[PDB]
Amino acid sequence: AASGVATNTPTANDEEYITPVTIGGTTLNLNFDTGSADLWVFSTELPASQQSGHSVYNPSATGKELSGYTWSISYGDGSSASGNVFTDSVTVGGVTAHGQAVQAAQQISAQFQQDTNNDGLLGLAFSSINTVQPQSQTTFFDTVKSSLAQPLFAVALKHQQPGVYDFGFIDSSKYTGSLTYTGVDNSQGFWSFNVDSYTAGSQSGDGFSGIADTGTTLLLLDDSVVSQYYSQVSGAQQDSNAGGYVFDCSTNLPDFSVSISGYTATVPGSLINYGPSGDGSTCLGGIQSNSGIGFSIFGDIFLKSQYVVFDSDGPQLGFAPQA
Ligand SMILES: COC(=O)[C@H](Cc1ccccc1)OP(=O)(O)[C@H](CC(C)C)NC(=O)[C@@H](NC(=O)[C@@H](NC(=O)CC(C)C)C(C)C)C(C)C
Ligand SMILES: *[C@H]1O[C@H](CO)[C@@H](O)[C@H](O)[C@@H]1O
Ligand SMILES: *[C@@H]1OC[C@H](O)[C@@H](O)[C@@H]1O
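The numbering of the sequence shown is PDB author numbering, which starts it at 1 and goes up by one.
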């Protein structure tokens, strides 16, 4: 039975986490994203000036083309990419998927053109939302799932230190105490779960739903929750140059917690100080608006405080504080 560990590393300010993936013999640094189901890479089909600063996949060397298939995706921050599809061998932390669909980029929006921290994305949401036309394809995880010791993966994202993606096993040394599980609703293809209530510093409120999303840097919440949080942060203000609420870097921020099936998951106020806003001398908050989309996005700010188990049996998610 297979299992493996892939080590991830945060980029500056923990903006994204990248892990090496070997595709047909070339290793690329990909952003593992539990919020989407497409494995796409910078390729030799892009314009040569866009290939610059990246490790690229050359499909003609090892790939088997799926003639006539395309993919096209749009993410939450407006970025997008599209291209064609090949099958190849994809290895992550020593686990190999043979004949994995590899989505070679033909076009990428400006956001990706300017991000040289990754060479593409490895989706880990449910395969039901993979964008490949005319027949959708399975994610790396769905491809190898039946070969792993247990059909699950687990993640520890850390603040300015390397972390891990555990495939097919749970590493009990990565969290304190025991895991608490909650059911997942995969009807929209996401790892969606319910929280029963939340506490933002001195204020507590009713529960809501959200997705466990490794691909989003911040903790995005309903505007009512964000207002409630920052009303407790002296001098907090929104700054469109920074991307949301900012405050003095020395501020004492309140903790934020959510109650999930009996377990309190706490994000300490020191993790809510994302870093320099890059707008003078303020810091950007780790909690920001979800822009009225109707569900919360439990991104990296939240994951940096937990060890999370993504279990295809249920499916369900398990949580425990990171050791
Ligand atoms: C279609 O599904 C997606 O787009 C999913 C789920 C989703 C749906 C709707 C709203 C938000 C989130 O996002 P995702 O795949 O994680 C997607 C992946 C990314 C690498 C383009 N993240 C996003 O689009 C989020 N973008 C981010 O978090 C960007 N981060 C920053 O701009 C750093 C700033 C915030 C300091 C990326 C550069 C990392 C936005 C939600 C804020
Ligand atoms: C993950 O689990 C497998 C299955 O037991 C081991 O063979 C592998 O070395 C790693 O511990
Ligand atoms: C990344 O690869 C495997 C090991 O678990 C990890 O410690 C290393 O940094």
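A virtual CB, placed ideally from N, CA and C, is assigned to each residue, including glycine.
With H, G and I counted as helix, E and B as strand and the rest as coil, what does DSSP make of residue 296?
Looking at residue 296 - three-state DSSP - the assignment turns out to be strand.
Is there contact between the region 193 to 211 and the region 44 to 57, where contact requires at least three CB pairs shorter than 8 Å?
The region 193 to 211 vs the region 44 to 57: no contact.
Grab the span of the alpha helix (DSSP H) containing residue 143 for me, first residue to last.
Per DSSP, residue 143 belongs to the alpha helix (DSSP H) from 140 to 144.
In this structure, how does DSSP classify residue 153 when only helix, strand and coil are distinguished?
Residue state, collapsed to three classes: strand.
Helix, strand or coil for residue 226, going by three-state DSSP, please let me know.
Of the three classes helix, strand and coil, the one that applies to residue 226 here is helix, per DSSP.
Compute the Euclidean distance between the alpha carbons of residue 39 and residue 230, then round it to the nearest angstrom.
Using only the alpha carbons, I get a separation of about 37 Å.
Tell me whether residue 48 sits in a helix, a strand or coil according to DSSP, three-state version.
Helix.
Beta strand (DSSP E) containing residue 104: first to last residue?
From DSSP, the beta strand (DSSP E) with residue 104 extends over 95 to 108.
So for residue 80, helix, strand or coil by DSSP?
If DSSP states are grouped into helix, strand and coil, residue 80 belongs with the strands.
Of the choices 68, 310, 41, whose alpha-carbon is the least far from that of residue 115?
Cα-wise, what sits closest to residue 115 is 41.
Are there three or more Cβ pairs, one per stretch, closer than 8 Å when the region 205 to 214 is compared with the region 262 to 280?
No: fewer than three Cβ pairs fall under 8 Å.
State the beta-bridge partners of residue 264 as determined by DSSP.
In the DSSP output, where bridge partners are listed per residue, residue 264 has 259.
If we call anything under 9 Å between Cβ atoms a contact, is residue 83 one with residue 107?
Going by C-beta atoms, residue 83 is nearer than 9 Å to residue 107.
Going by DSSP in three states, residue 6 sits in which element: helix, strand or coil?
Strand at residue 6.
Please write down, chain order preserved, every residue whose beta carbon lies under 5 Å from a heavy atom of ligand 2.
Checking every Cβ against the heavy atoms of ligand 2 under 5 Å gives 1, 3, 149, 169.
According to the neighbour-count rule (16 or more other Cβ atoms, all chains shown, within 10 Å of its Cβ), is residue 100 buried or exposed?
By the neighbour-count rule (16 or more Cβ atoms within 10 Å), residue 100 is buried.
In whole angstroms, what is the alpha-carbon distance linking residue 190 and residue 298?
Their backbone Cα atoms lie some 12 Å apart in a straight line.
I'd like to confirm something about residue 290: is its beta-carbon nearer than 8 Å to some heavy atom of ligand 1, or not?
Flag set: Cβ of residue 290 near ligand 1.
Is residue 93 a contact residue of ligand 3, with contact defined as CB to any heavy atom under 8 Å?
Under cutoff, so the answer is yes.
Roughly how many angstroms lie between the CA atoms of residue 69 and residue 142, to the nearest whole one?
So the two alpha carbons sit approximately 20 Å from each other.
Helix, strand or coil for residue 251 per DSSP?
Coil.
Do you know how far the Cα of residue 217 is from the Cα of residue 155?
About 15 Å.
Among the residues of its own chain, which have a CB less than 6 Å from the CB of residue 126, if the five just before and after it don't count?
Within the same chain, residue 126 has close Cβ partners 186, 189.
Between residue 162 and residue 313, what straight-line distance do the alpha-carbon atoms span, to the nearest angstrom?
Near 28 Å, if we compare the C-alpha coordinates of residue 313 and residue 162.
Suppose the cutoff is 8 Å on Cβ atoms and the five residues either side in sequence are ignored; what does the same chain contact list for residue 228 look like?
Excluding residues within five positions, the ones whose Cβ falls inside 8 Å are 200, 203, 205.
Which residues mark the beginning and the end of the alpha helix (DSSP H) in which residue 61 is found?
Residues 59 to 62.
Would residue 92 pass as a contact of residue 167 if the rule is Cβ separation under 9 Å?
Against a cut-off of 9 Å, the Cβ pair of residue 167 and residue 92 comes out as a contact.
Would residue 121 pass as a contact of residue 213 if the rule is Cβ separation under 9 Å?
No.
Could you tell me the distance, in whole angstroms, from the CA atom of residue 45 to the CA atom of residue 10?
Going by the C-alpha atoms only, they are around 28 Å apart.
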